[PDB]
Amino acid sequence: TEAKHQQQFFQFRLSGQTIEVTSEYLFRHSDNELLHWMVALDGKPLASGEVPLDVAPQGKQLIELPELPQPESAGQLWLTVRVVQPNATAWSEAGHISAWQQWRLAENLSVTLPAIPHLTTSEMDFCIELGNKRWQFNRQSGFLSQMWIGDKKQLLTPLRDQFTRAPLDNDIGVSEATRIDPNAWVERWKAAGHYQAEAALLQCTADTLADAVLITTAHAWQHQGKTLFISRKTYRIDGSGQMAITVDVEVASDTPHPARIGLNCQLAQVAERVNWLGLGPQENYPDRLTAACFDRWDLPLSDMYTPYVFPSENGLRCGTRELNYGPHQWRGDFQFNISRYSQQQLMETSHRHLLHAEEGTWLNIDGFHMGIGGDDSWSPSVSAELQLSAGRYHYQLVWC
Amino acid sequence: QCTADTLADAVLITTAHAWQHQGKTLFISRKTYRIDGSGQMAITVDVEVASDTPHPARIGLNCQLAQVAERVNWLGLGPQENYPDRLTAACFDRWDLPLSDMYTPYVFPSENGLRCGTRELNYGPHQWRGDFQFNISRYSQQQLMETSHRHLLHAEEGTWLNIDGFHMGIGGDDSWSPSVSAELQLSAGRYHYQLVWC
């Protein structure tokens, strides 16, 4: 679908209220094409219409939209257009979509502002309670080790930082099986101890604010006494039962740039649907997301896993502002993937038919994620602007 | 929002501001000021920029210090004025210059004297640590914009400090059309920086 979008025969430019369609057809007039347009406010549709295309080979058609809806709510307005073929051809069904494009419109920042959770401290854990909800942080590891909704545990594995991905074919960088390239990303990551780095708890404290409990932690990931990454987090549980997580990570400049900077955990719940507000229905990465569209998407959980025959990191969606799975909701500006297969099982399994579903649901929430490359598959092919080389990173997420 | 609370070893101040022009919210700034027991003030800043406003020239803090000192000492890029679009000639090192060397006397006055890539800044008894760009002078940004000739500038009462988390490129492919590349514009929508003032 990335190839279909980049290769599409109509190109679009937006000025303000006017769309400029340019045909890349050299010989035919656009005699089987209808331009659908839509405006939505964070997935919520507000207006839409249709205009027949009538553009010559290599010509242009100007399309003046009407006076757009100016919503009062906060949020980002998005314009999506799609060229649709109403009649069948020899090679396509009726209603075939041949080209599309999306733009941001006006944005309205939210200036609207939104009992007391109890902190019970023991030697092994910090336990926070608010009504039927409870959060437990382990004081030796420093991670959120468990949550309860009523009497139901929600986590099977703690919520911990993750800096690695199950390596892609472009990460492995091998065209002949007898030749291993030491400049490949997987060889650099393994030799630098990214797949074996152990965190050291540097700080784990808790305190009671006027309307919330703040947990502050710091971890250092080390391999043979070299500190690869440092992660400083604050967990802020308010009175509404929301958990605001703020993450600041430092990456050593002489280690290879990590594949990802995020969090992962295994949820106890297995649900049927994943619903979320972000880019595209299909799997998209930072190097390959032009074909995806910002909208509210809803798919079965098996649609969130891409069954590549050689298993690897898969199914990521970028540009996501909100994610719903079971009773949980995550808000922020992140990339996620969600599946029944951990990253460790993906890396250790050579064929997709040998994968088995694990007990819960593995969630990978990424602040930042490396590009996937693909100029070739036998040398490093991620551009320098798609690598995680900034040295210091920051993201924030709101659970509930 | 403006609240305060006592932690186990520090005082935390949390604020939020919205910048508006005719009911349009341009930017939102959320800050936390965390004063520990060692007398350090850790400032954390998160800013949201409206995507349909033009990208701002800078995202930072400014203030006028009462002190006027003779030297500026600092750990960052180059001795001379450098910007994100023009910093390849500068070197990371510990630099020390007179305060008049921190101002570039362009004949038509403008924003000048920025140093990028800076990890620590010393001026008088103050020290700032982080990863920022700064400029420091006796001339505010308002006086620079309102003065057509450099000889009409006069030194203000203290020292104006501009500490920038982020700063736009300066362009220069030509001077009569917009010439900053898209990677040098502040178009990310959400920004974050942190500074320690001791």
Cβ pairs under 6 Å, 6+ apart or interchain, first in the range B:135-153 and closer than 19 Å to B:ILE59 by Cα, second aromatic (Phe, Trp, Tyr) and assigned to a strand (DSSP E or B), ordered by first then second residue, are B:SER137/B:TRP160; B:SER140/B:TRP160
Going through the range A:91-101 in order, the residues found to be within 28 Å of A:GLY319 (Cβ to Cβ), among the aliphatic types (A, V, I, L, M) and surrounded by fewer than 18 Cβ atoms within 10 Å (Cβ to Cβ) are A:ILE97
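With B:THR88, B:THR53, B:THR14 as the choices, which residue is within 14 Å of another protein chain (Cβ to nearest Cβ), β-branched (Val, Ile, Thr), surrounded by fewer than 17 Cβ atoms within 10 Å (Cβ to Cβ) and within 22 Å of B:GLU183 (Cα to Cα)? Write out each step before concluding.
Working: B:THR88 fails: within 14 Å of another protein chain (Cβ to nearest Cβ); B:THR14 fails: within 22 Å of B:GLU183 (Cα to Cα).
Checking each option against the conditions leaves just B:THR53.
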Checked A:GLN335, A:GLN345, A:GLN329 against criteria (closer than 19 Å to A:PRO258 by Cβ and either of a type outside the set (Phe, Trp, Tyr) or part of a strand (DSSP E or B) (or both)); the one match is A:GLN335
Within the range B:110-154, the count of residues that are farther than 17 Å from B:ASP96 by Cα, out of contact with any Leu (no Cβ under 7 Å at 6 or more places or on another chain) and not polar (S, T, N, Q) comes to 11
Among residues of the range A:375-400 being under 19 Å from A:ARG260 (Cβ atoms) and polar (S, T, N, Q), the residue farthest from the other protein chains (Cβ to nearest Cβ) is A:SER381
Expected single match for of a type in the set (D, E, K, R) and touching a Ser or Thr at 6+ places or on another chain (Cβ under 6 Å) among B:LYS24, B:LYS31 is B:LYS31
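Being in a strand (DSSP E or B) and within 11 Å of chain A (Cβ to nearest Cβ) is the filter; apply it to the range B:17-26 and report the residue that is farthest from the chain's Cα centre (by Cα). Full working, then the answer.
From the range B:17-26, those in a strand (DSSP E or B) are B:17-21, B:24-26; that's our starting set.
Then drop every residue that is not within 11 Å of chain A (Cβ to nearest Cβ), which leaves B:17-20, B:24-26.
Values: B:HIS17: 18, B:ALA18: 19, B:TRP19: 18, B:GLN20: 21, B:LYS24: 24, B:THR25: 22, B:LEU26: 19 Å.
So, considering only residues that are in a strand (DSSP E or B) and within 11 Å of chain A (Cβ to nearest Cβ), the one farthest from the chain's Cα centre (by Cα) is B:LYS24.
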Those residues of the range A:64-81 which are more than 14 Å from chain B (Cβ to nearest Cβ) and either acidic (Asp, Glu) or crowded, with 17+ Cβ neighbours inside 10 Å (or both) amount to A:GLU64, A:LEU65, A:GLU67, A:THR80, A:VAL81
The lone condition B:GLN20 fails out of (1) under 22 Å from A:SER73 (Cβ atoms); (2) surrounded by 15 or more Cβ atoms within 10 Å (Cβ to Cβ) is (2)
Considering residues that are exposed (fewer than 14 other Cβ atoms within 10 Å of the Cβ) and either facing chain A (nearest Cβ under 10 Å) or in contact with a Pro (Cβ under 9 Å, 6 or more places away or on another chain) (or both), the number found within the range B:1-11 is 6
Flagged pairs (Cβ under 7 angstrom, 6 or more apart or on separate chains; first in the range A:327-349, within 14 Å of another protein chain (Cβ to nearest Cβ); second surrounded by fewer than 17 Cβ atoms within 10 Å (Cβ to Cβ)) are A:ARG331/A:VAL398; A:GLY332/A:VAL398; A:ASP333/B:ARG190
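Give the residues of the range A:150-186 that are aliphatic (A, V, I, L, M) and in contact with a strand residue (DSSP E or B) (Cβ under 6 Å, 6 or more places away or on another chain), sorted by residue number.
The initial filter retains those residues of the range A:150-186 that are aliphatic (A, V, I, L, M), namely A:155-156, A:159, A:166, A:168, A:172, A:174, A:177, A:180, A:184, A:186.
Of everything in the range A:150-186, those that are aliphatic (A, V, I, L, M) and in contact with a strand residue (DSSP E or B) (Cβ under 6 Å, 6 or more places away or on another chain) turn out to be A:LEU155, A:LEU156, A:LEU159.
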Subset of the range A:102-160, residues buried (at least 18 other Cβ atoms within 10 Å of the Cβ), aromatic (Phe, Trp, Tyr), away from chain B (no Cβ under 14 Å) and part of a strand (DSSP E or B), comes to A:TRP135, A:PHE137
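Determine which member of the set B:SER29, B:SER38 is among the polar types (S, T, N, Q), more than 9 Å from chain A (Cβ to nearest Cβ) and loosely packed, with under 14 Cβ neighbours inside 10 Å. Explain how you work it out, then say what you get.
On the way: B:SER29 fails: loosely packed, with under 14 Cβ neighbours inside 10 Å.
None of the other options fit; the residue is B:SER38.
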Taking the range A:184-209 and keeping only residues that are over 17 Å from A:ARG165 (Cα atoms) and part of a loop (DSSP other than H, G, I, E, B), one is left with A:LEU209
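Within 24 Å of A:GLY280 (Cα to Cα) and either outside any strand (DSSP E or B) or acidic (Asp, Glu) (or both): does that describe A:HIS5? Don't jump to the end; show me each part of the working.
Details: within 24 Å of A:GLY280 (Cα to Cα): yes; either outside any strand (DSSP E or B) or acidic (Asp, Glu) (or both): yes.
Taking the combined requirement at face value, the residue satisfies it.
Are any residues in the range A:245-278 in a loop (DSSP other than H, G, I, E, B) and within 14 Å of chain B (Cβ to nearest Cβ), and if so, which ones?
Taking the range A:245-278 first, the residues in a loop (DSSP other than H, G, I, E, B) are A:252-259, A:268-272.
Within the range A:245-278, A:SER253 is the sole residue that qualifies.
Kindly indicate which of A:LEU202, A:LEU214 is of a type in the set (A, V, I, L, M) and surrounded by 18 or more Cβ atoms within 10 Å (Cβ to Cβ).
Working: A:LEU202 fails: surrounded by 18 or more Cβ atoms within 10 Å (Cβ to Cβ).
Result of the check over A:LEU202, A:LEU214: A:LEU214.
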Matching residues in the range A:290-325 (under 11 Å from the mean Cα position of the chain (by Cα), surrounded by fewer than 20 Cβ atoms within 10 Å (Cβ to Cβ) and farther than 22 Å from A:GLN269 by Cα) number 1
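Coordinate-derived values only; no laboratory data. For neighbour counting, all protein chains shown are included, and Cβ atoms are generated from backbone atoms with ideal geometry for every residue, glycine included.
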